[PDB]
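In: generate a structure from the sequence data that follows.
(4 chains, ligands or ions: 4)
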Amino acid sequence: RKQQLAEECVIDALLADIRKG
Amino acid sequence: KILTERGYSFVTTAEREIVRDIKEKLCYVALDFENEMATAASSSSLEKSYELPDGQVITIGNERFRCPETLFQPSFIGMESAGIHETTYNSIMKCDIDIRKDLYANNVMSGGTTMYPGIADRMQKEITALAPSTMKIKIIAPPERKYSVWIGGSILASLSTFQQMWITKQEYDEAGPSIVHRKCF
Amino acid sequence: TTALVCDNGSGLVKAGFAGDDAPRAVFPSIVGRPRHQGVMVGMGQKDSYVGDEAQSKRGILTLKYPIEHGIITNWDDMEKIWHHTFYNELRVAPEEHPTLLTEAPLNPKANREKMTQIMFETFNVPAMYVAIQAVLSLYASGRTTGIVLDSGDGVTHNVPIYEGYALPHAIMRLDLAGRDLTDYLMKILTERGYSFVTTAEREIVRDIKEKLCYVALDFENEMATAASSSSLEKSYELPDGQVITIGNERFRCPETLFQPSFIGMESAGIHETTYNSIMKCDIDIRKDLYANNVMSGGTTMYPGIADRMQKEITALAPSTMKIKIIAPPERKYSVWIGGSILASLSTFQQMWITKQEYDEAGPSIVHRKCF
Amino acid sequence: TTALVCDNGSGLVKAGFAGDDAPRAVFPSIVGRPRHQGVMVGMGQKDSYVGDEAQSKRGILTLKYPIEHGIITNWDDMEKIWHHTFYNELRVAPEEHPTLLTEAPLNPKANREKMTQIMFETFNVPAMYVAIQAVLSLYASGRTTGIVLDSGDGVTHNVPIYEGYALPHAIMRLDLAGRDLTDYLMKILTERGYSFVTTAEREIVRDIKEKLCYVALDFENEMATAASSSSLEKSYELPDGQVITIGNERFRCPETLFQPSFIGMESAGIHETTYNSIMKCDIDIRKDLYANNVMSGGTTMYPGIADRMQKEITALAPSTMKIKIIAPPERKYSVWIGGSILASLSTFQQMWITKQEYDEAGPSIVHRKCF
Ligand SMILES: Nc1ncnc2c1ncn2[C@@H]1O[C@H](COP(=O)(O)OP(=O)(O)O)[C@@H](O)[C@H]1O
Ligand SMILES: Nc1ncnc2c1ncn2[C@@H]1O[C@H](COP(=O)(O)OP(=O)(O)O)[C@@H](O)[C@H]1O
Ligand SMILES: [Mg+2]
Ligand SMILES: [Mg+2]
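Out: Residues are numbered from 1 along each chain as shown, chains lettered A, B, ... in the order given. Ligands and ions are numbered 1, 2, ... in the order given. Shown next is the protein structure:
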């Protein structure tokens, strides 16, 4: 132990389709 | 049926286009029914004129708001079902409780039957009478809602995600014409 | 290398770092699955909502509790609960952080084996310790002796500790807490006409229980007053806007903790369990345990419960001796606060279950390294 | 003085006298009101038709059911139902006869308050009593213990009784019965091109369900048989002379009892409800409840339901034991027949609710006297 211690979306899709028409 | 009351007869299917044109152009939804009936019975400020294709002129009064009133009151044409406001409200109570607020804030109408220029305020009054008073009744009524079914069709067909959801030729050829039940809603 | 404390309770998962005062992420332990037909294509449809997302969208979800009376039933749901509380709430890699989990006493051992196996093989750690919740409540209380009644959402257990020594023969467990109170509150809410059958409505009746219910000091006089006058009646607004009005159900619901024969269980109340746990202890230490009744858990948030516990134990105890109910105002998170105290203790570094010890001993060292 | 048994069913009122075999008056609980303009002046045009008159003249009537899922909504209609079943059907004065009434479990208490108040003020009686229908069914089965699933037109409830002791914590209630099956059959009959929207057509769809429908022993094999060959398709003649032919709808309609997710109800099927009611009982009595599964109610006469329910419980329960579904042929009126047992008991005569008891205790003694 001493050695170890030393080691340490609906909205976006639908608006996209609206702007596609 | 009620245009025969004033004296105007329309029985053929060609005359159905004329009666539909009169309904499109002159009719409107009364906000209050009985006050509008008393107003039309008192004074002829509500009477409007329309010219037929032969050249005759009709004038209609209370029939401007008796005809679209059948949507909120189906007993005029003898159907036992409830009006469209009670149909909307009963569809909300048939849903689960926790979502009902989102159904009140997002009442959407579509189709050309809601083109009448009093129908949004009337439906707001009817649902507001039906719903509890702590709640918000927002009715969306866009001006383009006569064609919104086609607009949403163009919206859905423009998706990239919908291209796998089609019923192709080959799948119809194995399954017969019965695959449209299991593939669609 | 700081430490994580993750009380995986039956109702509310409470997680946070070591040394902090308040728990960072408190969220209910529900896995919600959709039960209707998704018609709107795209949108990122999740097959399962976990946590507050399942709480918000609960009107279209079947909710499931993965933990029932402190025993983890569905292990995939509990894996998703741990995945949510690590990778979305706290946003920490568990491979660089030790973890302190809490557990009810008198548990099935295979449950402890399976949290050991998942927590060292799915969410593999440098270290992990499984600890009894009542000892953590006595940590947060700060006193060394005391009997601790911990009542979460599924488990109500009494553990007495004297001068740093637990008495395992006097530990007792009762599977009666807030979930059964929610179900009983539904069953008595059907009297007034309000129906609640779905898993979503458990949340609403739970909110009614949290916000309006209270422990009566005397049950019979409160029954007579609520039957006579409508002063005790209170109104609550539902999420759809409807208003319910409840009367005696404010104090008929928590009385199941003092009278378990309401829901048909044979065992006696929590005060009798506390008194019988003290009589199961040795005769010299009962003077310390009468004076240091520590409650914890979210079931004791009712604003009459300390006076009722004092009255019932003072009725049961001999009258020559003082009863004092230690009820801190933050006793909901006292399991977490004592876990954060324990993880900040310098002495506690030597009894971590290492990955090396797990590999060299199988999943069997957790019976011998822990209590 | 002969006693009266008046089962106010959700769909069919069944009244009669004690000591008898068959119920005297069975008639549906409908109040009709005219929806058209009467031009024909005179000839006794009633403002309201109650019962079989409203059934016969149903083409020009809006029919209202006063009872919905066991709870009486409209009380003036329910008073008209009681006035018809006392004065027109049985033709006896209520004030010269005691009258037991039946009730679904977990009813709202104000419903019981109002039936007691109406039944002691306007139809005032020497006595009345309110009981549980499942207890009457276990009487009519002639056996001491048993779990009774009673599924009427509105309420499907499971109540287990051992040695004359009902277990109140083990009572399960599900609002899925014959009205919901009628509405679901209306919903799925539109697929074949037959539309039924009015309340007059509800009687037609109900008669279609009563005549032709049956429980599938295996659901998916009956899907395969109905899709493959046209042997299961059956014809029915409408009152206008049109002939319909239905196929899989004979066994899609009752399957909602076993699969409640068809109509969007989150709850489990009646087999799982029965199984969970037996698991809520104590461990030493479950074998007796396995051998005494009593089915009663009008919904339970589809002619495949006993074998299906036996198959489901035998799948659910382990194999060391006997699952015997007690399904007598006369199980429609068995609840009434149980009243014809119970009101005919000389021991029963000392727990009637008298007039003097009502006047001296308000309408509150119906909670303290009845279960
Ligand atoms: N303010 C309150 N009043 C009454 N009961 C409460 C309150 N807050 C929480 N509870 C109950 O206490 C429980 C929380 O206790 P907790 O130990 O956090 O449970 P878990 O850790 O198992 O989720 C909840 O299930 C709730 O029913
Ligand atoms: N022969 C039958 N087959 C199938 N279902 C039936 C049959 N007869 C009646 N039913 C259904 O049973 C219901 C009658 O239930 P009922 O005996 O009144 O129970 P309750 O008295 O608990 O309401 C009716 O609504 C009808 O839908
Ligand atoms: Mg807890
Ligand atoms: Mg019945």
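
In: for the residue most central in space within chain A, which residues are in contact?
Out: Closest residue to the average C-alpha location of chain A: residue A:9 at 15.2 Å, with C-alpha atoms, centre = their mean. Counting by C-beta atoms under 8 Å, 6 or more residues apart in numbering or on different chains, residue A:9 touches C:42-44. The C-beta positions use only the backbone N, C-alpha and C, and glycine is treated the same way.

In: who touches the residue nearest the centre of chain B in this structure?
Out: Ranked by distance to the mean C-alpha position of chain B (C-alpha atoms, centre = their mean), the top residue is residue B:113 at 3.3 Å. Counting by C-beta under 8 Å, 6+ apart, residue B:113 touches residue B:71.

In: tell me the spacing between the residue nearest to the centre of chain A and residue C:41.
Out: Using C-beta to C-beta, to the nearest Å, residue A:9 is found at 12 Å from residue C:41.

In: keeping just the C-alphas, turn stretch A:10-21 into PDB.
Out: Listed next in PDB are the C-alpha coordinates belonging to stretch A:10-21 (Å, rounded to 0.1, in the frame of the first residue of the first chain):
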ATOM      1  CA  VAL A  10     -40.700  17.500 -34.800                       C
ATOM      2  CA  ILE A  11     -40.100  21.200 -35.000                       C
ATOM      3  CA  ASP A  12     -36.700  21.300 -36.800                       C
ATOM      4  CA  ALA A  13     -37.800  18.600 -39.300                       C
ATOM      5  CA  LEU A  14     -41.200  20.200 -40.100                       C
ATOM      6  CA  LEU A  15     -39.600  23.700 -40.500                       C
ATOM      7  CA  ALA A  16     -37.000  22.100 -42.700                       C
ATOM      8  CA  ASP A  17     -39.800  20.700 -44.800                       C
ATOM      9  CA  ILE A  18     -41.700  24.100 -44.800                       C
ATOM     10  CA  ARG A  19     -38.600  25.900 -46.200                       C
ATOM     11  CA  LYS A  20     -38.300  23.100 -48.800                       C
ATOM     12  CA  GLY A  21     -42.000  23.800 -49.600                       C
END
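
In: buried set for it?
Out: A:13-14, A:17 (16 or more other C-beta atoms under 10 Å in any protein chain shown).

In: and if you look at stretch B:7-27?
Out: Those would be B:8, B:10, B:18, B:22-23, B:26-27, for stretch B:7-27 by 16+ other C-beta under 10 Å.

In: which residues touch that stretch?
Out: B:3-4, B:48, B:50, B:52-53, B:58, B:60, B:63-65, B:67-68, B:115-116.

In: what about the residue nearest to the centre of chain B, distance to residue C:200?
Out: According to C-beta to C-beta, residue B:113 stands 34 Å off from residue C:200.

In: can you check residue A:16 too?
Out: Applying C-beta to C-beta, the value for residue A:16 to residue C:200 is 32 Å.

In: helix, strand, or coil at residue B:58?
Out: Under DSSP: H, G, I helix; E, B strand; the rest coil, residue B:58 falls in the strand class.

In: tell me where the chain has helices.
Out: No chain in the question, so chain A it is. Taking DSSP state H, the helices of chain A run over residues A:2-7, A:10-20.

In: switch to chain B, that's the one I care about
Out: For chain B, helices defined by DSSP H occupy the ranges B:13-25, B:33-42, B:63-66, B:84-93, B:100-104, B:119-130, B:148-157, B:169-175, B:179-183.

In: spit out the contact partners of residue A:10.
Out: For residue A:10, the contacting residues are C:40, C:42-43, by C-beta under 8 Å, 6+ apart.

In: let me have the residues you listed in CSV, extended by distance to ligand 1.
Out: Formatted as CSV, the contacts of residue A:10 follow (distance: C-beta to the nearest ligand atom, whole Å):
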residue, distance to ligand 1
C:40, 34
C:42, 35
C:43, 31
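
In: picking that back up, would you list the buried residues of stretch A:10-21 in a markdown table and tack on distance to residue A:2?
Out: Formatted as a markdown table, the buried residues of stretch A:10-21 follow (distance: C-beta to C-beta, whole Å):
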| residue | distance to residue A:2 |
| --- | --- |
| A:13 | 60 |
| A:14 | 64 |
| A:17 | 67 |
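
In: distance to ligand 3 added to those, as JSON lines?
Out: Output for those, formatted as JSON lines (distance: C-beta to the ion, whole Å):
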{"residue": "A:13", "distance to ligand 3": "40"}
{"residue": "A:14", "distance to ligand 3": "42"}
{"residue": "A:17", "distance to ligand 3": "46"}
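
In: looking at those, which one is closest to chain C?
Out: Closest approach between those and chain C, by C-beta to the nearest C-beta: residue A:13, at 4.3 Å.

In: if we can go back for a sec, within reach of chain B, which of the buried residues of stretch A:10-21 are there?
Out: A:13-14, A:17 (C-beta under 8 Å from any C-beta of the partner chain).

In: what is the nearest of these to residue A:5?
Out: residue A:13 (55.3 Å; C-beta to C-beta).

In: dump the residue contacts of the closest one.
Out: The contact partners of residue A:13, taken as C-beta under 8 Å, 6+ apart, are B:159, B:161, C:42-43.

In: and what of residue B:184?
Out: residue B:167 are the contacts of residue B:184 under C-beta under 8 Å, 6+ apart.

In: now the residue in chain B positioned nearest to chain C: how far from residue B:136?
Out: Here chain B gets closest to chain C at one residue, residue B:98, 3.4 Å apart by C-beta to the nearest C-beta. Residue B:98 sits 16 Å away from residue B:136, going by C-beta to C-beta.

In: hmm, back to that, and which of the buried residues of stretch A:10-21 is nearest to ligand 2?
Out: Distance to ligand 2 across these (C-beta to the nearest ligand atom) is lowest for residue A:14, with 43.8 Å.

In: thinking again about what came up before, who's more crowded, residue B:98 and residue B:136?
Out: Neighbours per residue (other C-beta atoms under 10 Å in any protein chain shown) separate residue B:98 from residue B:136, with residue B:98 holding more: 21 against 10.

In: correct me, but residue B:92 touches residue B:100?
Out: Yes - using C-beta atoms under 8 Å, residue B:92 is in contact with residue B:100, at 5.5 Å.

In: roughly how far does the residue of chain B closest to chain C sit from residue A:7?
Out: Distance from residue B:98 to residue A:7, by C-beta to C-beta: 54 Å.

In: likewise for residue B:109?
Out: Taking C-beta to C-beta, one finds residue B:109 at 71 Å from residue A:7.

In: in terms of neighbours, single out the busier of these two.
Out: Taking residue B:109 and residue A:7 together and counting by other C-beta under 10 Å, residue B:109 has the greater number of neighbours (18 against 6).

In: circling back: nearest to ligand 1, out of the helices of chain A?
Out: Closest of the helices of chain A to ligand 1 is helix A:10-20, at 31.9 Å (criterion: C-beta to the nearest ligand atom).

In: leaving out chain neighbours, which residue sits closest to residue B:69?
Out: Excluding its sequence neighbours, the residue lying closest to residue B:69 (C-beta to C-beta, 6 or more residues apart in numbering or on different chains) is residue B:33, at 6.2 Å.

In: wait, what's in contact with the one you found?
Out: Residues in contact with residue B:33 (C-beta under 8 Å, 6+ apart) are B:65, B:69, B:73.

In: would you show me how to pick out the buried ones of the residues you listed in ChimeraX?
Out: Written as a ChimeraX command, the selection of buried residues from the contacts of residue B:33, which uses 16+ other C-beta under 10 Å, is:
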select /B:65,69
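
In: ok, the contacts of residue B:33 vs residue A:1, which is closest?
Out: Nearest to residue A:1 among the contacts of residue B:33, with distances taken as C-beta to C-beta, is residue B:73, at 86.5 Å.

In: in contact with that closest one, which residues?
Out: Contacts of residue B:73 (C-beta under 8 Å, 6+ apart): B:33, B:83.

In: how close does it get to residue D:101?
Out: In terms of C-beta to C-beta, residue B:73 sits 39 Å off from residue D:101.
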